[PDB]
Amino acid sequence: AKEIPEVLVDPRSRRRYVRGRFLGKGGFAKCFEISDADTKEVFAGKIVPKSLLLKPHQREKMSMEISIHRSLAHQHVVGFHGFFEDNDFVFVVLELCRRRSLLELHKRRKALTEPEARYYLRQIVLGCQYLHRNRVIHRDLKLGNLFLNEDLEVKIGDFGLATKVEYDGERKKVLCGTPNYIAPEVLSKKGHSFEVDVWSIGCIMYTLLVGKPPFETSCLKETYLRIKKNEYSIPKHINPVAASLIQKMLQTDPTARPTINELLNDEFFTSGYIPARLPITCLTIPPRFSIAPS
């Protein structure tokens, strides 16, 4: 393995990025804080070694991911600030999300308060609404792909399984990769579109409110069996408005699911308290949303 430069240089822009603290790893990419040596502005740098891009198919996926991600601009989508390469690495410059993802929140907090779930799910639906309006299916919406900035605002990231719908009614027959919250129409290879993202948000809603994923077993294939059969149950302590929206979203028939555009008009959002912001304490301590201090 070749060792990553301590300074990243974009020859076309002229900008220079000092490699700061290591943020984490996934598939091909190591992620670091990187600072523009001029402006001192700090970004997430995703660094992919070309030594793992030897096959054209893997190169085509990376270039498709960049093509999709670079064209997106929205408050609840990870900002794409640029990309460049040398002989050994592809460098992608992203909006730094300093508070990790909803996966690290989930591991610490398990089941969230209903208003927290409402707050996060609104932002996820808003981001995904932007994607679907722009004919992008994410196809891997999960807690680990839902990044949190310093103000605990949701940023949808990782367009590694994302695809452009090219014409009305196009059904994708190929999903090269394994999504976490995989839709039944993908498992049964019956062809799929935008509705797989609504299924995924259904699973995310269930996990945030319940404190565990809806179809979890010890075997991934036993899990796929349960998804096929629609074999989940909502605990009885879940409020029936929440329970009802989960049920609408987690239907086997993708035509029966609400579209991304129907979701925010649901009773779960309109008839419930949505906080305008969450304090940092919500990373570790359940909020009470008290009317005043004591």
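Just count from 1 along the sequence shown to find any residue number.
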Comparing 82-90 with 67-75, where is the mean C-alpha B-factor higher? 82-90
In the PDB record, does 51-59 or 24-32 carry the higher mean Cα temperature factor? 24-32
Among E153, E216, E116, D140, the highest C-alpha B-factor in the PDB entry belongs to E216
Should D197 be placed in the lowest, middle or highest third of its chain by the C-alpha B factor in the entry? lowest
Here the Cα B-factor of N145, set against its chain, lands in the third termed lowest
B-factor third for the C-alpha atom of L161 within its chain: lowest
Among the chain's modelled residues, which third holds the C-alpha B-factor of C176? middle
Chain-wide C-alpha B factor ranking for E170, given as lowest, middle or highest third: middle
